[PDB]
file start-v2.pdb (PDB, C-alpha atoms)
ATOM      1  CA  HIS P   1      24.290  34.630-127.250  1.00  0.00           C
ATOM      2  CA  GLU P   2      25.849  36.208-130.426  1.00  0.00           C
ATOM      3  CA  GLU P   3      27.518  32.787-131.324  1.00  0.00           C
ATOM      4  CA  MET P   4      24.265  30.894-132.215  1.00  0.00           C
ATOM      5  CA  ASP P   5      22.906  34.109-133.854  1.00  0.00           C
ATOM      6  CA  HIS P   6      25.776  34.041-136.457  1.00  0.00           C
ATOM      7  CA  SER P   7      24.793  30.387-137.266  1.00  0.00           C
ATOM      8  CA  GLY P   8      21.032  30.992-136.838  1.00  0.00           C
ATOM      9  CA  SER P   9      19.522  29.384-139.996  1.00  0.00           C
ATOM     10  CA  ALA P  10      18.277  25.696-140.201  1.00  0.00           C
ATOM     11  CA  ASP P  11      16.717  25.294-143.799  1.00  0.00           C
ATOM     12  CA  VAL P  12      18.698  23.502-146.636  1.00  0.00           C
ATOM     13  CA  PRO P  13      18.333  25.436-150.024  1.00  0.00           C
ATOM     14  CA  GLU P  14      16.442  23.893-152.967  1.00  0.00           C
ATOM     15  CA  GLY P  15      18.214  22.285-155.937  1.00  0.00           C
ATOM     16  CA  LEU P  16      21.483  21.919-153.993  1.00  0.00           C
ATOM     17  CA  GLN P  17      23.483  18.960-155.494  1.00  0.00           C
ATOM     18  CA  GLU P  18      24.809  16.518-152.874  1.00  0.00           C
ATOM     19  CA  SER P  19      28.511  15.812-153.458  1.00  0.00           C
ATOM     20  CA  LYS P  20      29.290  12.700-155.505  1.00  0.00           C
ATOM     21  CA  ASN P  21      32.842  12.102-154.165  1.00  0.00           C
ATOM     22  CA  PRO P  22      33.421  14.407-151.134  1.00  0.00           C
ATOM     23  CA  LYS P  23      36.840  14.248-149.357  1.00  0.00           C
ATOM     24  CA  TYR P  24      34.872  14.071-146.039  1.00  0.00           C
ATOM     25  CA  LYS P  25      31.827  11.791-146.095  1.00  0.00           C
ATOM     26  CA  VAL P  26      28.593  12.791-144.341  1.00  0.00           C
ATOM     27  CA  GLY P  27      28.720  11.568-140.742  1.00  0.00           C
ATOM     28  CA  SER P  28      32.555  11.863-140.672  1.00  0.00           C
ATOM     29  CA  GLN P  29      34.455  13.823-138.000  1.00  0.00           C
ATOM     30  CA  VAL P  30      36.629  16.770-138.977  1.00  0.00           C
ATOM     31  CA  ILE P  31      38.623  19.641-137.457  1.00  0.00           C
ATOM     32  CA  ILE P  32      37.716  23.200-138.609  1.00  0.00           C
ATOM     33  CA  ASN P  33      40.982  25.105-139.637  1.00  0.00           C
ATOM     34  CA  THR P  34      39.328  28.481-140.488  1.00  0.00           C
ATOM     35  CA  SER P  35      38.488  31.522-138.341  1.00  0.00           C
ATOM     36  CA  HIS P  36      35.140  32.724-139.857  1.00  0.00           C
ATOM     37  CA  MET P  37      33.743  33.406-136.407  1.00  0.00           C
ATOM     38  CA  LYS P  38      34.958  33.101-132.801  1.00  0.00           C
ATOM     39  CA  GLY P  39      34.768  29.516-131.409  1.00  0.00           C
ATOM     40  CA  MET P  40      35.326  27.721-134.758  1.00  0.00           C
ATOM     41  CA  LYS P  41      39.171  27.614-135.035  1.00  0.00           C
ATOM     42  CA  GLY P  42      40.303  24.069-134.258  1.00  0.00           C
ATOM     43  CA  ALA P  43      36.784  23.016-133.195  1.00  0.00           C
ATOM     44  CA  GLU P  44      35.630  19.367-133.241  1.00  0.00           C
ATOM     45  CA  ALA P  45      33.053  19.058-136.039  1.00  0.00           C
ATOM     46  CA  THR P  46      30.780  16.479-137.717  1.00  0.00           C
ATOM     47  CA  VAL P  47      29.771  16.683-141.381  1.00  0.00           C
ATOM     48  CA  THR P  48      25.934  16.879-141.778  1.00  0.00           C
ATOM     49  CA  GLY P  49      25.840  17.763-145.497  1.00  0.00           C
ATOM     50  CA  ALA P  50      28.336  17.826-148.429  1.00  0.00           C
ATOM     51  CA  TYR P  51      27.423  19.625-151.705  1.00  0.00           C
ATOM     52  CA  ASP P  52      29.075  20.399-155.057  1.00  0.00           C
ATOM     53  CA  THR P  53      28.475  24.093-155.735  1.00  0.00           C
ATOM     54  CA  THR P  54      30.097  27.518-156.186  1.00  0.00           C
ATOM     55  CA  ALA P  55      31.107  29.254-152.921  1.00  0.00           C
ATOM     56  CA  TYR P  56      31.292  33.092-152.929  1.00  0.00           C
ATOM     57  CA  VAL P  57      33.056  35.639-150.739  1.00  0.00           C
ATOM     58  CA  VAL P  58      30.572  38.552-150.447  1.00  0.00           C
ATOM     59  CA  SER P  59      30.362  42.061-148.966  1.00  0.00           C
ATOM     60  CA  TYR P  60      27.045  43.601-147.935  1.00  0.00           C
ATOM     61  CA  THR P  61      25.353  46.157-145.679  1.00  0.00           C
ATOM     62  CA  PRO P  62      22.838  44.388-143.350  1.00  0.00           C
ATOM     63  CA  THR P  63      19.166  45.196-144.096  1.00  0.00           C
ATOM     64  CA  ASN P  64      18.804  46.339-140.427  1.00  0.00           C
ATOM     65  CA  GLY P  65      21.753  48.859-140.734  1.00  0.00           C
ATOM     66  CA  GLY P  66      24.978  48.830-138.792  1.00  0.00           C
ATOM     67  CA  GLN P  67      28.444  48.085-140.123  1.00  0.00           C
ATOM     68  CA  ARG P  68      29.037  46.637-143.563  1.00  0.00           C
ATOM     69  CA  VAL P  69      29.943  42.928-143.543  1.00  0.00           C
ATOM     70  CA  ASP P  70      33.270  42.855-145.455  1.00  0.00           C
ATOM     71  CA  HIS P  71      34.577  39.710-147.346  1.00  0.00           C
ATOM     72  CA  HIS P  72      32.252  37.170-145.743  1.00  0.00           C
ATOM     73  CA  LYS P  73      32.806  33.429-146.254  1.00  0.00           C
ATOM     74  CA  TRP P  74      30.427  32.013-147.543  1.00  0.00           C
ATOM     75  CA  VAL P  75      27.202  32.215-149.558  1.00  0.00           C
ATOM     76  CA  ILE P  76      26.562  29.621-152.288  1.00  0.00           C
ATOM     77  CA  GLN P  77      25.050  29.687-155.820  1.00  0.00           C
ATOM     78  CA  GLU P  78      21.704  28.389-154.483  1.00  0.00           C
ATOM     79  CA  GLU P  79      21.482  31.246-151.879  1.00  0.00           C
ATOM     80  CA  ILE P  80      21.696  34.117-154.475  1.00  0.00           C
ATOM     81  CA  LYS P  81      18.303  35.415-155.636  1.00  0.00           C
ATOM     82  CA  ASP P  82      17.470  34.511-159.308  1.00  0.00           C
ATOM     83  CA  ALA P  83      21.107  33.387-159.916  1.00  0.00           C
ATOM     84  CA  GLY P  84      20.229  30.031-161.522  1.00  0.00           C
ATOM     85  CA  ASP P  85      23.373  28.099-162.503  1.00  0.00           C
ATOM     86  CA  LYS P  86      25.429  30.881-164.218  1.00  0.00           C
ATOM     87  CA  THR P  87      28.675  31.676-162.289  1.00  0.00           C
ATOM     88  CA  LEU P  88      28.726  35.197-160.773  1.00  0.00           C
ATOM     89  CA  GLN P  89      31.820  37.378-161.334  1.00  0.00           C
ATOM     90  CA  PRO P  90      33.883  39.773-159.047  1.00  0.00           C
ATOM     91  CA  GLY P  91      32.119  43.133-158.668  1.00  0.00           C
ATOM     92  CA  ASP P  92      28.631  41.787-159.574  1.00  0.00           C
ATOM     93  CA  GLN P  93      25.775  43.125-157.411  1.00  0.00           C
ATOM     94  CA  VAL P  94      23.193  40.585-156.224  1.00  0.00           C
ATOM     95  CA  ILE P  95      20.341  40.034-153.722  1.00  0.00           C
ATOM     96  CA  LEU P  96      21.089  37.383-151.055  1.00  0.00           C
ATOM     97  CA  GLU P  97      18.537  34.662-150.277  1.00  0.00           C
ATOM     98  CA  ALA P  98      20.840  33.380-147.396  1.00  0.00           C
ATOM     99  CA  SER P  99      19.672  33.974-143.820  1.00  0.00           C
ATOM    100  CA  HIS P 100      22.745  32.713-141.869  1.00  0.00           C
ATOM    101  CA  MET P 101      22.329  35.699-139.525  1.00  0.00           C
ATOM    102  CA  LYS P 102      20.102  38.750-138.890  1.00  0.00           C
ATOM    103  CA  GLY P 103      20.187  41.316-141.758  1.00  0.00           C
ATOM    104  CA  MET P 104      21.627  38.983-144.435  1.00  0.00           C
ATOM    105  CA  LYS P 105      18.399  37.922-146.231  1.00  0.00           C
ATOM    106  CA  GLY P 106      17.441  40.396-148.998  1.00  0.00           C
ATOM    107  CA  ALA P 107      20.701  42.402-148.620  1.00  0.00           C
ATOM    108  CA  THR P 108      22.459  43.836-151.723  1.00  0.00           C
ATOM    109  CA  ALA P 109      25.759  41.980-151.842  1.00  0.00           C
ATOM    110  CA  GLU P 110      28.882  42.558-153.880  1.00  0.00           C
ATOM    111  CA  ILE P 111      30.654  39.364-155.168  1.00  0.00           C
ATOM    112  CA  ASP P 112      34.340  39.577-154.030  1.00  0.00           C
ATOM    113  CA  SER P 113      35.499  36.140-155.281  1.00  0.00           C
ATOM    114  CA  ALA P 114      34.039  32.782-156.449  1.00  0.00           C
ATOM    115  CA  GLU P 115      35.258  29.169-156.364  1.00  0.00           C
ATOM    116  CA  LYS P 116      33.832  25.818-157.509  1.00  0.00           C
ATOM    117  CA  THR P 117      34.529  23.446-154.565  1.00  0.00           C
ATOM    118  CA  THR P 118      32.742  21.085-152.153  1.00  0.00           C
ATOM    119  CA  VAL P 119      30.981  23.045-149.411  1.00  0.00           C
ATOM    120  CA  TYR P 120      30.087  21.498-146.100  1.00  0.00           C
ATOM    121  CA  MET P 121      27.402  22.010-143.498  1.00  0.00           C
ATOM    122  CA  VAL P 122      28.767  20.918-140.104  1.00  0.00           C
ATOM    123  CA  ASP P 123      27.799  20.503-136.453  1.00  0.00           C
ATOM    124  CA  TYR P 124      30.612  21.807-134.246  1.00  0.00           C
ATOM    125  CA  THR P 125      31.471  22.166-130.595  1.00  0.00           C
ATOM    126  CA  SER P 126      32.433  25.805-129.962  1.00  0.00           C
ATOM    127  CA  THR P 127      36.009  26.077-128.517  1.00  0.00           C
ATOM    128  CA  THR P 128      35.080  29.164-126.428  1.00  0.00           C
ATOM    129  CA  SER P 129      31.678  28.106-124.947  1.00  0.00           C
ATOM    130  CA  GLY P 130      31.668  24.286-125.394  1.00  0.00           C
ATOM    131  CA  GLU P 131      28.112  24.488-126.831  1.00  0.00           C
ATOM    132  CA  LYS P 132      26.971  22.403-129.844  1.00  0.00           C
ATOM    133  CA  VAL P 133      26.470  24.706-132.885  1.00  0.00           C
ATOM    134  CA  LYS P 134      24.054  22.836-135.257  1.00  0.00           C
ATOM    135  CA  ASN P 135      24.301  22.582-139.099  1.00  0.00           C
ATOM    136  CA  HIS P 136      26.586  25.647-139.509  1.00  0.00           C
ATOM    137  CA  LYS P 137      26.683  27.061-143.099  1.00  0.00           C
ATOM    138  CA  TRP P 138      29.399  26.917-144.553  1.00  0.00           C
ATOM    139  CA  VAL P 139      32.969  25.674-144.682  1.00  0.00           C
ATOM    140  CA  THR P 140      34.738  24.656-147.891  1.00  0.00           C
ATOM    141  CA  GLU P 141      36.755  21.449-148.323  1.00  0.00           C
ATOM    142  CA  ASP P 142      40.048  23.334-147.813  1.00  0.00           C
ATOM    143  CA  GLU P 143      38.846  24.732-144.398  1.00  0.00           C
ATOM    144  CA  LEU P 144      38.450  21.160-142.951  1.00  0.00           C
ATOM    145  CA  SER P 145      40.990  18.605-141.759  1.00  0.00           C
ATOM    146  CA  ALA P 146      40.452  14.914-141.107  1.00  0.00           C
ATOM    147  CA  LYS P 147      39.934  14.148-137.419  1.00  0.00           C
TER     148      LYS P 147
END
call {"tool": "encode", "arguments": {"input": "start-v2.pdb", "output": "C-alpha cells"}}
result
Amino acid sequence: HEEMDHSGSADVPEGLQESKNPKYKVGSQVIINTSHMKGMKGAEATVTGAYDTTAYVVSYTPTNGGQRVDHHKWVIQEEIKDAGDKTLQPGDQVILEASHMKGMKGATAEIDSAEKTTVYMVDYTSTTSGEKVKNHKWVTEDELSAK
C-alpha cells in the first residue's frame, strides 16, 4: 500500500518547459539506477514526460507530523511556492507546492542542493511488487540508463 502512496500525485505543474533535446525521448524505455524508494532500483521504466528545470534536494517536516524527511530527491522549480524562475540556494527556507506524498504540500522545506538538469516523469514496474507505478515524479537524467 505505502508504495503507491509515495508516488501518489497525478497533476503536471504549470509553466514546466518540455525538454528540447532530452537524452531519453518521451515514450522511450529506461532502467532506473537510483534508490529513492523501495521497488525502484533496476526497475523497468517508460518515460512519460521530460522537462528542462532545476531539481532540488530538500528536507522538511511533514504537515501531518511524524519524522522529518531528510535529503529528499526531488522537488523542482515549478513545485516551490512563489519561486518563479530565480534559482534557490542551499539553506533557503521555502513552502512546497509538490504533493508527491501525504504531508508534503504546504510543508516548510530547507533547500539542501540544486542542479539544472533534465528531470523525468516515468511509469515503472516495481521490482518488489510487480505493480505498475504511474507517472512517478521525479528522476534526473543521471538516475536513468538506456534500456
call {"tool": "closest_residue", "arguments": {"input": "start-v2.pdb", "among": "P:97, P:2, P:110, P:142", "to": "residue 56 in chain P", "atoms": "all atoms listed in the file"}}
result
P:110
call {"tool": "resolve_selection", "arguments": {"input": "start-v2.pdb", "expression": "the PyMOL selection byres ((chain P and resi 44) around 7)", "output": "CSV table (one decimal) with C-alpha atoms, in the frame of the given file"}}
result
chain,number,residue,atom,x,y,z
P,30,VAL,CA,36.6,16.8,-139.0
P,31,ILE,CA,38.6,19.6,-137.5
P,32,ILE,CA,37.7,23.2,-138.6
P,42,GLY,CA,40.3,24.1,-134.3
P,43,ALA,CA,36.8,23.0,-133.2
P,45,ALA,CA,33.1,19.1,-136.0
P,124,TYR,CA,30.6,21.8,-134.2
P,125,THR,CA,31.5,22.2,-130.6
call {"tool": "atom_distance", "arguments": {"input": "start-v2.pdb", "atom1": "CA of residue 131 in chain P", "atom2": "CA of residue 101 in chain P"}}
result
17.9 Å
call {"tool": "resolve_selection", "arguments": {"input": "start-v2.pdb", "expression": "the PyMOL selection byres ((chain P and resi 134) around 7)", "output": "list in words"}}
result
residues 123, 124, 132, 133, 135 and 136 of chain P
call {"tool": "closest_residue", "arguments": {"input": "start-v2.pdb", "among": "P:20, P:38, P:6, P:25", "to": "residue 137 in chain P", "atoms": "all atoms listed in the file"}}
result
P:6
call {"tool": "residues_around", "arguments": {"input": "start-v2.pdb", "residues": "range 62-75 of chain P", "least_positions_apart": "3", "cutoff": "12 Å", "atoms": "only C-alpha atoms", "output": "ChimeraX atom specification"}}
result
/P:6-7,13,34-37,53-59,78-81,88,90,94-115,117,119-121,136-140,143
call {"tool": "atom_distance", "arguments": {"input": "start-v2.pdb", "atom1": "CA of residue 4 in chain P", "atom2": "CA of residue 41 in chain P"}}
result
15.5 Å
call {"tool": "closest_residue", "arguments": {"input": "start-v2.pdb", "among": "P:146, P:83, P:47, P:76", "to": "residue 26 in chain P", "atoms": "all atoms listed in the file"}}
result
P:47
call {"tool": "atom_distance", "arguments": {"input": "start-v2.pdb", "atom1": "CA of residue 39 in chain P", "atom2": "CA of residue 5 in chain P"}}
result
13.0 Å
call {"tool": "axis_aligned_box", "arguments": {"input": "start-v2.pdb", "around": "range 124-137 of chain P", "padding_each_side": "8 Å", "output": "lines of an AutoDock Vina configuration file"}}
result
center_x = 30.0
center_y = 25.5
center_z = -134.0
size_x = 28.0
size_y = 23.4
size_z = 34.2
call {"tool": "residues_around", "arguments": {"input": "start-v2.pdb", "residues": "residue 27 in chain P", "least_positions_apart": "5", "cutoff": "9 Å", "atoms": "all atoms listed in the file", "output": "compact mmCIF listing (two decimals) with C-alpha atoms, keeping the file's coordinate frame"}}
result
# COMPACT_ATOMS: atom_id res chain seq x y z
CA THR P 46 30.78 16.48 -137.72
CA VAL P 47 29.77 16.68 -141.38
CA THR P 48 25.93 16.88 -141.78
CA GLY P 49 25.84 17.76 -145.50
call {"tool": "closest_residue", "arguments": {"input": "start-v2.pdb", "among": "P:116, P:11, P:40, P:29", "to": "residue 87 in chain P", "atoms": "only C-alpha atoms"}}
result
P:116
call {"tool": "build_atoms", "arguments": {"input": "start-v2.pdb", "residues": "range 26-52 of chain P", "atoms": "N, CA and C atoms", "output": "CSV table (one decimal), in the coordinates of the input"}}
result
chain,number,residue,atom,x,y,z
P,26,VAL,N,29.6,12.3,-145.3
P,26,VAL,CA,28.6,12.8,-144.3
P,26,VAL,C,28.7,11.8,-143.2
P,27,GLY,N,28.6,12.4,-141.9
P,27,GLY,CA,28.7,11.6,-140.7
P,27,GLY,C,30.2,11.4,-140.3
P,28,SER,N,31.1,11.9,-141.1
P,28,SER,CA,32.6,11.9,-140.7
P,28,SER,C,32.9,13.0,-139.7
P,29,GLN,N,34.0,12.8,-139.0
P,29,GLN,CA,34.5,13.8,-138.0
P,29,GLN,C,35.6,14.6,-138.6
P,30,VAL,N,35.6,15.9,-138.4
P,30,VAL,CA,36.6,16.8,-139.0
P,30,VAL,C,37.1,17.8,-137.9
P,31,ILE,N,38.1,18.5,-138.3
P,31,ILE,CA,38.6,19.6,-137.5
P,31,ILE,C,38.5,20.9,-138.3
P,32,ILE,N,37.8,22.0,-137.8
P,32,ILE,CA,37.7,23.2,-138.6
P,32,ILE,C,39.1,24.0,-138.5
P,33,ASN,N,39.7,24.4,-139.6
P,33,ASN,CA,41.0,25.1,-139.6
P,33,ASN,C,40.8,26.6,-139.9
P,34,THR,N,39.6,27.1,-140.1
P,34,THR,CA,39.3,28.5,-140.5
P,34,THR,C,38.7,29.3,-139.3
P,35,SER,N,38.9,30.6,-139.4
P,35,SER,CA,38.5,31.5,-138.3
P,35,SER,C,37.3,32.4,-138.8
P,36,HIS,N,36.3,31.9,-139.4
P,36,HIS,CA,35.1,32.7,-139.9
P,36,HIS,C,34.5,33.5,-138.7
P,37,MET,N,34.4,32.9,-137.6
P,37,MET,CA,33.7,33.4,-136.4
P,37,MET,C,34.4,32.8,-135.2
P,38,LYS,N,34.4,33.6,-134.0
P,38,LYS,CA,35.0,33.1,-132.8
P,38,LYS,C,34.3,31.8,-132.3
P,39,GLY,N,35.2,30.8,-131.9
P,39,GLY,CA,34.8,29.5,-131.4
P,39,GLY,C,34.9,28.4,-132.4
P,40,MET,N,35.2,28.7,-133.7
P,40,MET,CA,35.3,27.7,-134.8
P,40,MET,C,36.7,27.2,-135.0
P,41,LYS,N,37.8,28.0,-134.8
P,41,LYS,CA,39.2,27.6,-135.0
P,41,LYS,C,39.6,26.4,-134.2
P,42,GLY,N,39.9,25.3,-134.9
P,42,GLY,CA,40.3,24.1,-134.3
P,42,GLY,C,39.2,23.4,-133.5
P,43,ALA,N,37.9,23.7,-133.8
P,43,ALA,CA,36.8,23.0,-133.2
P,43,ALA,C,36.6,21.6,-133.7
P,44,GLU,N,36.1,20.7,-132.9
P,44,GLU,CA,35.6,19.4,-133.2
P,44,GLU,C,34.3,19.5,-134.0
P,45,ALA,N,34.3,19.0,-135.2
P,45,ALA,CA,33.1,19.1,-136.0
P,45,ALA,C,32.6,17.7,-136.7
P,46,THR,N,31.4,17.6,-137.0
P,46,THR,CA,30.8,16.5,-137.7
P,46,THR,C,30.1,17.0,-139.0
P,47,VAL,N,30.4,16.3,-140.1
P,47,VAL,CA,29.8,16.7,-141.4
P,47,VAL,C,28.3,16.3,-141.4
P,48,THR,N,27.4,17.2,-141.7
P,48,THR,CA,25.9,16.9,-141.8
P,48,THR,C,25.4,17.0,-143.2
P,49,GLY,N,26.2,17.6,-144.1
P,49,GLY,CA,25.8,17.8,-145.5
P,49,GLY,C,27.1,18.1,-146.3
P,50,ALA,N,27.2,17.6,-147.5
P,50,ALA,CA,28.3,17.8,-148.4
P,50,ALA,C,27.8,18.1,-149.8
P,51,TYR,N,28.0,19.2,-150.4
P,51,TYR,CA,27.4,19.6,-151.7
P,51,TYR,C,28.4,20.2,-152.7
P,52,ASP,N,28.2,19.9,-154.0
P,52,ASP,CA,29.1,20.4,-155.1
P,52,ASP,C,28.4,21.7,-155.6
